[PDB]
Every structure is written in C-alpha cells, then in structure tokens.
Amino acid sequence: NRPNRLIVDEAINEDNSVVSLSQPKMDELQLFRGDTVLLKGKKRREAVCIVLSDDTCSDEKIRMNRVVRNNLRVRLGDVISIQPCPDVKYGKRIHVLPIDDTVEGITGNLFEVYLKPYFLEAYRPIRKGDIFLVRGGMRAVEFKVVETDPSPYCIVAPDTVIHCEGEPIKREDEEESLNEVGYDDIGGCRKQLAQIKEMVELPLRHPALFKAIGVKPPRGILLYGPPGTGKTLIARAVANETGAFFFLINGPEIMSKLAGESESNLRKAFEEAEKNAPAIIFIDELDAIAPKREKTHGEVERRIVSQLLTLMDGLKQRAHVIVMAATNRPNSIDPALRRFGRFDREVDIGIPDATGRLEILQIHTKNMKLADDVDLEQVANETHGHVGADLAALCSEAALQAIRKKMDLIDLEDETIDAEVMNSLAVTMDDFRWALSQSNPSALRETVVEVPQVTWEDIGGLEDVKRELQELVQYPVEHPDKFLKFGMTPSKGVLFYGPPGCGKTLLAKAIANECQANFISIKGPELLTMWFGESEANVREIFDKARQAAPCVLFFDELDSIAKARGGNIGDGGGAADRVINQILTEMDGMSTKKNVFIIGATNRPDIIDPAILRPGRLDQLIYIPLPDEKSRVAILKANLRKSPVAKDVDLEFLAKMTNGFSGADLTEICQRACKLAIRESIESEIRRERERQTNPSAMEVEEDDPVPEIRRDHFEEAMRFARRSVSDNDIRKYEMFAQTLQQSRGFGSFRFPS
Amino acid sequence: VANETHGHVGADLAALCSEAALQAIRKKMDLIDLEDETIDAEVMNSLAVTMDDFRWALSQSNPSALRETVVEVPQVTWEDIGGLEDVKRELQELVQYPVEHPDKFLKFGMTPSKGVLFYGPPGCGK
Ligand SMILES: Cc1cc(OCc2nnc(SC3CCCC3)n2-c2cccnc2)ccc1-c1ccc(S(C)(=O)=O)cc1
Ligand SMILES: Cc1cc(OCc2nnc(SC3CCCC3)n2-c2cccnc2)ccc1-c1ccc(S(C)(=O)=O)cc1
Ligand SMILES: Nc1ncnc2c1ncn2[C@@H]1O[C@H](COP(=O)(O)OP(=O)(O)O)[C@@H](O)[C@H]1O
C-alpha cells in the first residue's frame, strides 16, 4: 500500500554515515551504491548518508549504524522515510564544535588528531546540527556540526577549510549520548540477544498494543550465567534501545541497608518503575536478595524474599514494567521466584565462543590503535575459557603494557598528556602475548556449547557415514512436513563404534556444524568423575543445558569408559548397568519431546556397552567408523598439513597409500613428528649459524637466509622411520565381529512379495 | 500441539498460546507498524495464528514439569494389540469382572487376586 520502505536495523559492517540496502531491489529505491541518500526520521529531522548493497540484509528492513540512527532519533525496528537524492552540494569551511561532557581528552592542538584522519577522502555528507563520533587516542569524542557555509547540508570534500573553535559546548539534554551502551557493545552472545529483543519488543516498543488486546507479555526474565558474561550489558542495552526507563536494583545495595527499611527501598524502586511507563527493573545479583529459603534462617532474609515475591506477583498488569534479573545459575535462587508470572522465562548467556571472543575483542579494541602486527584472531583462539569481562581486562592490560613500554618510558606526563602522541603508539602483538600470559581465567571450568567449526572437508572420505549422518540429523529438520506425512518419527540417537582415533568426535562435530547446531561434548573423564564421586545427578544438569542450547547435538564421547573402569570386559559380579549410564538412559527416555537435542554416542568397545543403550528411543542407529581408506588417508594427511608449510615436491598421495592400515591418530602423529623434525632442524641450523656469525661483528653478509622454510622430503622419511600401527588387526577383527553380529540375519535378501 | 505438549501444565499451555499469538502479531500486523493507542480490532481479526506459529512456540516451550510422573487413562485399545485372545480374555476376567460384578464375587466368597505378571520374550507387547 505504498509503504515507507525504510526500516531501522542493526549494522553489521564497521562504518559510520553508511546505510546498507537489500540487494534484491534496486529499482524500487532507484539507487545503487555510492550516492548521497536523504532520510526523514521523526520530530522533523533528516540525515544524509551513502548507500550500499548487502546480500545478508532483509528486503523489509534497511541496516543502519547507531550514529545515524541517533541522528534521526529512530530506534531499532522503526519505520522512516527514504529519498534517493543524486544531488549533493560541497561545503565551505564546515564548522564543528565539541559537544557533551567529553573533555580533557585533548591537549594543545585538538583538530589534527581526530577530524583530519577521518574526513580525509571520506566524502561523508555532513548536515547542520548533527553529531558524529570520532574514535582515537583510546577515546571516543562526538562532534557537533553547528555552522556550515551551505545549507542545509553539504558533502565534505578535500577542498574546504575547517574552522577551529576548540571550545566544547554542552549538547541538548533530550539527545542521547552515543557513549551509552547498545547492541554493538554487546557481542559474543549472538542469538540470545535476539531472543531477548523479540521477548521485549512488543511490551516496550509497542506498549499501546497490549492495552487494546488481551494477552500477557513477558514481565519477568532471568538472565543467568557465569559472572562477567554481560548480563548487565544486555539489560542496559535493551532498556536504552527500546527507550524504557532502566532501574538498577543492586543485590547488595538493598541488602546493605538496615533491616526494616531496605524493604522500603525495594518497594520504592518498584513504585518508581511502575510510575514511569514503560520501564525495566534490573535486579542485579538476584541470588543475594531472594536466595534459597529454609537454607536461610536469618529472619529478615525470609521477609525480604516474601516482599520481592509480593512485588513480582503484585504487578497489576499496569504500565509495561519488565523485571529482568541476573543470577549465576537458576539453581541458586529461591524456587518460588521461578514460578509462573514472576520469572517464567530464562536466558543462559553462557561463555562466548571463539567467534564470540573475537567479536568481544573488536568491541573492546577499537580506540586503542591496535597494532598492525596483530589481527585479533590468534588471541581469540588462545583465549579459550575467558568471558567478555575477561577479554576486556586482557585488552586493558595490553593497552597498559603498551603505554608502559613506550610513552611512559620518557616520563613526559602532565595532567592530560597530548592525545596524538598516544595515537603514535600501537598495541603490538607482543603486548597481547604478555596479556594472554597474564590472563588467568576465570571461567575456564564452565562447559562450552559451541557451533563446531569443523566441516566435512576436515573429515576425509566416510561418504556412506557422512550420508547417513546427513539423513538422520539434517533431513528431519529440513523437511519436517515430509516426515509427518509418512507417519514416521525420526530416531534421536546415534552410536559411533570403531577403532580408536578414526575421527568419531570430528564426525560428530562436522554433523553439528552442517546443521549450525550447538555442540556439547561429554568426554569419558566427566562420566568417570560422576561415577567415582557417586554424583550421577549432574547428568540431569547436562541434559538441561542441552535443552537450553537447543537445537543442540549432545555427544557422549567414549561412552564405554565406565564399563572399562568396572573391569573392562569381564567386569565385576554385577551386570552392565551402572549409575551414570542409568541416569543417561532415564534422561534419554524423558528427552523425547525436545526434538532439537540430538544424542550421539561414541565407543571403542561396543561389546561391553550396556545393551539397554541400544533399545528403541535410545541410540538405535549404530554406525561403524572403520579405518580410513586410501582416499580418506590422503584427505586426513592434507587436513593435518594444511597449516604447516609443506613443499609441493613431497608426494602426499604416496605417503597415504604406503600407510596400509594407519588410523587417523597415527597419520596425525606422523605429521606432528615431521613438523617437530623440521622445527628442530631449523632451530639448530639458524642458531649454529648465528653462534658462528656473532663472533665477528658484522663479519658475514647481511643476507637473510631461511635454512629450512618448508617441511622437506627427508623430514617425511624421518617421520616414517618412527611410523607405528596403533590399531592391531585383532581388535579390528573384533569390530567387524560386532558389525556382523549386528547384521540383519540371513535368508531375507531374496524376499519378494507375490506377483 | 496437544500431543507434542507432553510434560506441560495448564499454565505452560497458556504461555504457549500467548507466545503463538505474539509471534503471529509480530509476523503480520506489527510488520507495517501502523500502531496507535488502541489498534482497530478488525485488522487483528484478519490475522489467524498459523500452525507455523504453534510449531515455533513448541520449539520455545521448555517445560516446566516434564519430570513429574504421568497418570493417564491409556488411549491404546485391544485393536492396537493383535491376537492374544486367551491373554486378552484372562486380563478381562481378572480386572474387569471384579469391578463389573462385585456382588457375584461376594456371593461365592472369593477375593479377587490383585497382581499379574507378564513374562515372555522382549518386544511382544506386554
Ligand atoms: C516432523 C517431525 C520433525 C522432528 O524434528 C524436528 C527437529 N528440530 N530440530 C531437530 S534436531 C537438531 C537440529 C540442530 C541439530 C540437531 N529436530 C529433529 C528431531 C528428531 C530427529 N532429527 C532432528 C521430530 C518429530 C517429527 C514427527 C514425525 C512423525 C509424526 S506422526 C503424525 O506420528 O507420524 C509426528 C511428528
Ligand atoms: C466383591 C469384591 C470386589 C473387589 O474389587 C472392587 C474393585 N474396584 N476397583 C477395582 S480394580 C481397578 C478398577 C480400575 C482398573 C482396575 N477393584 C478390584 C479389586 C480386586 C481385583 N480386581 C478389581 C475386591 C474384593 C471383593 C470381595 C470378594 C470376597 C469377599 S468374602 C465375604 O470374603 O468372600 C469380600 C469382598
Ligand atoms: N559478551 C560481552 N560483549 C562485550 N563486552 C562484555 C561482554 N561480557 C562482558 N563484557 C564486559 O565486561 C563488563 C562486566 O560485565 P557485566 O555484564 O557488567 O557483569 P555481569 O555479567 O555480572 O552482569 C562489562 O561492563 C563489559 O564491558
């Protein structure tokens, strides 16, 4: 019906004054890339930017950065007017003034440090009365455009002088400072923030709708996870982006108050939040205000918990107050808090992933002049076990180390050192290495739920196994309707069996990666720990985690560890039943409605596995992972040696074919030994050359020789001299024996219905 | 949806229905963003909560009482079990006859036994 066609959305690419549009429609907007585009927002304001095309952008909405969005005063999910304007006018002595309370970050000259590096060749169209953010000197300064020779807007070009003021001026209060938290500042969690945004949009973004429709929106959300995961960040960003009035109920803030009037503070906070519609009440450290009852005989603790319960149940559906809470784990707060209507929905922020850690690194490293040597990927990979707060601390430590090495060495320090000198220093990769050496998590214990990054390329061959895994996992999700049509319920359970080191864990990770489903790996040591400690109730917690991360692929690697611990094959006097496997069976039987979670088991000793594991509703689909073939061996060798620099002269196919029955582990060991031999030779040769050369100063030429720059053939012969066959033919005999026993009997091959 | 909602309670079902309604309102309706203090009813009448919404809600249900033991009148009938005529007859005797005709059991001074034990090969439908 002739819509506006312009919507507000988050920006994926790092850029200011740039707006992305959906690639499918260029004639509708009638503008392709690289053209000034005007945009009308609200309250009689407009902005000018440059338009590009993004394949990921949805046609319905137009991705845009937070700076431009603040300029328009629009918010995420809003609808505004767009107007393709090929016309654009240059400017003369474009004027800029310091704005807001941002001050003391610059000394002496204040225009060469920030404006010049950014407006040089940027061609960013500047309009009267807009604020644009400049990043530099480990700082962010927003500059207002108050004066300009042409009106109302002009595209900046490298031919217009800049008028210098250097006098900061307070910005209008109704305007929102861009230093406040937002969606961009909150990374590493991805799709939990989407769930919270969907959860909170209608109650806050469209409040009047719920007054004309009778339905209850979510008024209680429990953000729970390890400390430092950004739960407070999520709450603040949701409050700011939706415009809701954010109120912070600090856990120990009320609890430090004298008994009998701290309840007064809680009630006053609830009343104040109710007074201003819509609002968000964030109870930080909720496990301190309303913790586990009876295991709390204080006396006033019970009163405070009851007051909190009355307040939560006292929400009269008036206003649009959303009560969000922060807790380390759902099991730490009083269960009565988790009832319906109080906190009926929980989001597990959890530790970030490798990509999450990387993104957190970019958010925390953006004003510091990250060095050119660093790329932030190696640090992210090595930062396993850290949380977003840990990454921020690591970045701050790296910045401080850089400031200590350079800069402060001279000791030319004053009340506010000149910015540009700090711009001169870049945080080098050595600083990041030192910070990683001084990181010390801090959340290394927590279980990791990640979308595995291994792909089918990493796993060589296994075409039949790969196809069945695709069938079982991908087909039900991709075509649920067709599974419903034939009245067949897809089985939820696989069991990989085969010789050790054949890549069952990698196969499970690859199948999880293809479906883009989180992967939870329960190794043998964890099951053995639950067995020795006689704590098998943690299996229930594991399954709950799988439920929270659904869709997920719960993989139980080396599931036969407990059977081996009880005696191996002969075992004890008892049967195959054990506590941990029994709990797993109970959970698997009850874990049928979820549909998302997929259970994969791996075992190198299928004979000793409990038969109840294989009953219907359990890991019915047994898959034999045999030793890699010649093509599989070639693929495994190529995958192992991809990172290492291998000379083209070495014929890897010959090595793969010569390895008659080596497992994947054996091939990896051979590759590692070859790399070690190459490294030892390089270190010894370079060192012995340097030792001789250092005797005479400058003696030999300055020629930059690389004695060994790639793994040579001789290194591969050196490696093969120690080649070992991990898997004996007798236990392969046992695997084929179990596969035969599992075979569908005999005599029914020729079965045919009568014609 | 009812069959797939095993483990939920009445409140859970209400929450699922509310979530489906909100998802339907989000897909259509609020996409245009033509919202006021009280949007016109009939447009909301135009939108019907589609089965895709219910599927999504079930995907976002998360019981909430899945642990509790279930006491249900089983919906399987004798048709589902093939043959077993003799076994079916004795089960009818032992269970149904005492309840249907307590007076006749009282007349002969016999107290019906309360306990059966099915034994046989696995998977035969006990
Ligand atoms: C159609 C259907 C899909 C389904 O799945 C949906 C699903 N989502 N994520 C997953 S898994 C996760 C995805 C990320 C990685 C792994 N799944 C799933 C479930 C089971 C097996 N494989 C996948 C379940 C069960 C059914 C149905 C089949 C028959 C009948 S009736 C009338 O008795 O005949 C009723 C219902
Ligand atoms: C007449 C009688 C009925 C009875 O049952 C009643 C009953 N209601 N629900 C059930 S079971 C349930 C129904 C839903 C499914 C299953 N029952 C029941 C009890 C025992 C065996 N089968 C059924 C018990 C015992 C007696 C009596 C028999 C002999 C004597 S005297 C003088 O020593 O000779 C005294 C008392
Ligand atoms: N996922 C994340 N993305 C970006 N910054 C994060 C993230 N997690 C933590 N941080 C940083 O660590 C700080 C502390 O985390 P915070 O959320 O305030 O504590 P809590 O998790 O207990 O609520 C935050 O102020 C933020 O700067």
Boolean, residue A:666 is among the acidic types (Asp, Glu) and surrounded by fewer than 15 Cβ atoms within 10 Å (Cβ to Cβ):
no
Top-ranked residue in the range A:443-494 [being within 11 Å of ligand 1 (Cβ to nearest atom) and of a type in the set (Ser, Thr, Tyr); ranked as nearest to the other protein chains (Cβ to nearest Cβ)]:
A:489
Could you please tell me which pairs satisfy a Cβ distance under 8 Å, a separation of 6+ or placement on different chains, a first residue in the range A:335-354 that is more than 14 Å from chain B (Cβ to nearest Cβ), and a second residue that is of a type in the set (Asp, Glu)?
A:350/A:446; A:351/A:446; A:352/A:359; A:353/A:450; A:354/A:450
Give the residue that is farthest from residue A:372 (Cα to Cα), with candidates limited to residues of the range A:425-469 that are basic (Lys, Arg) and under 24 Å from the mean Cα position of the chain (by Cα).
A:445
Do you know which of the residues in the range B:40-66 that are of a type outside the set (S, T, N, Q), assigned to a loop (DSSP other than H, G, I, E, B) and without any contact (Cβ under 8 Å) to a residue 40 or more places away in the chain is farthest from residue B:13 (Cα to Cα)?
B:40
Show me the helices (runs of 4 or more DSSP H) found entirely inside the range A:205-278 where at least 2 residues are in contact with a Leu (Cβ under 8 Å, 6 or more places away or on another chain), within 14 Å of another protein chain (Cβ to nearest Cβ) and without any contact (Cβ under 8 Å) to a residue 60 or more places away in the chain.
none
Among the residues that make up the range B:62-70, is at least one of them away from chain A (no Cβ under 11 Å) and acidic (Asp, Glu)?
no
Residue within the range A:641-648 that is surrounded by fewer than 19 Cβ atoms within 10 Å (Cβ to Cβ) and not in a loop (DSSP other than H, G, I, E, B) present
no
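For (1) closer than 30 Å to residue A:652 by Cα; (2) basic (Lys, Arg); (3) in the same structural domain as residue A:667 (by CATH); (4) not in a loop (DSSP other than H, G, I, E, B), each residue gets a yes or a no:
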residue	(1), (2), (3), (4)
A:697	no, no, yes, no
A:708	yes, no, yes, no
A:715	yes, no, yes, yes
A:718	yes, no, yes, yes
A:723	yes, no, yes, no
When you scan the range A:276-289, do you find a residue that is in contact with a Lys or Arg (Cβ under 6 Å, 6 or more places away or on another chain) and closer than 22 Å to residue A:197 by Cα, even just one?
no
Of (1) within 14 Å of chain B (Cβ to nearest Cβ); (2) surrounded by 15 or more Cβ atoms within 10 Å (Cβ to Cβ), residue A:541 satisfies all except one. Which?
(2)
Take the conditions crowded, with 18+ Cβ neighbours inside 10 Å, part of a helix (DSSP H, G or I) and away from every other protein chain (no Cβ under 14 Å) and apply them to residue A:582. Does it pass?
no
Residues satisfying the stated conditions in the range B:92-115, i.e. under 29 Å from the mean Cα position of the chain (by Cα) and exposed (fewer than 10 other Cβ atoms within 10 Å of the Cβ)
B:99, B:114, B:115
Provide a single number: the residues in the range B:80-114 that are assigned to a loop (DSSP other than H, G, I, E, B) and either within 7 Å of ligand 2 (Cβ to nearest atom) or farther than 24 Å from residue B:125 by Cβ (or both).
8
Can you report the number of residues in the range A:375-389 which are within 8 Å of ligand 3 (Cβ to nearest atom) and either part of a loop (DSSP other than H, G, I, E, B) or surrounded by 22 or more Cβ atoms within 10 Å (Cβ to Cβ) (or both)?
2
Members of the range A:80-137 found to be free of Cβ contacts under 8 Å to residues at least 24 places away in the same chain and within 15 Å of residue A:155 (Cα to Cα), listed by number
A:118, A:129
Any idea which of A:507, A:528 is more than 16 Å from ligand 1 (Cβ to nearest atom), in a helix (DSSP H, G or I), away from every other protein chain (no Cβ under 14 Å) and under 30 Å from residue A:733 (Cα atoms)?
A:528
Going by the structure shown, is residue A:562 farther than 30 Å from residue A:346 by Cβ, away from chain B (no Cβ under 14 Å), among the β-branched types (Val, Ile, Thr) and assigned to a helix (DSSP H, G or I)?
yes
Answer with yes or no whether residue A:243 is under 28 Å from the mean Cα position of the chain (by Cα), under 24 Å from residue A:339 (Cβ atoms) and of a type in the set (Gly, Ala, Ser).
no
So which pairs qualify, if the first residue must be in the range A:380-394 and under 18 Å from residue A:449 (Cα atoms), the second must be buried (at least 22 other Cβ atoms within 10 Å of the Cβ) and among the hydroxyl-bearing types (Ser, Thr, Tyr), the Cβ gap must be under 7 Å, and the two must be at least 6 apart or on different chains?
A:387/A:229; A:388/A:229
The range A:327-364, residues that are buried (at least 23 other Cβ atoms within 10 Å of the Cβ) and within 12 Å of ligand 3 (Cβ to nearest atom):
A:327, A:349, A:350, A:351, A:352, A:357, A:360, A:361
Filter the range B:1-16 down to residues that are more than 9 Å from every other protein chain (Cβ to nearest Cβ) and more than 15 Å from the chain's Cα centre (by Cα), then give me how many there are.
1
Which of (1) within 16 Å of ligand 1 (Cβ to nearest atom); (2) within 23 Å of residue A:601 (Cβ to Cβ) does residue A:497 not meet, given it meets every other one?
(1)
Taking the condition more than 30 Å from residue A:28 (Cβ to Cβ), out of contact with any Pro (no Cβ under 9 Å at 6 or more places or on another chain), outside the structural domain of residue A:29 (by CATH) and assigned to a loop (DSSP other than H, G, I, E, B), does residue A:178 pass?
yes
Taking the stated definitions as given, is residue A:550 part of a loop (DSSP other than H, G, I, E, B), within 14 Å of chain B (Cβ to nearest Cβ) and either within 20 Å of residue A:494 (Cα to Cα) or free of Cβ contacts under 8 Å to residues at least 40 places away in the same chain (or both)?
yes
Go through the range B:17-39 and count every residue that is at the interface with chain A (Cβ under 8 Å from one of its Cβ atoms) and more than 26 Å from residue A:8 (Cα to Cα).
1
Please go through the range B:40-61 and pick out each residue that is more than 16 Å from ligand 1 (Cβ to nearest atom) and at the interface with chain A (Cβ under 8 Å from one of its Cβ atoms).
B:41, B:44
Those residues of the range A:188-204 which are more than 10 Å from chain B (Cβ to nearest Cβ) and within 21 Å of residue A:269 (Cβ to Cβ) amount to A:200, A:204
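All of this is worked out from the model, or read from it or from the source named; no laboratory read-out is quoted. All Cβ positions, even for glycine, are placed from backbone atoms using ideal geometry, and neighbour counts span all protein chains on display.
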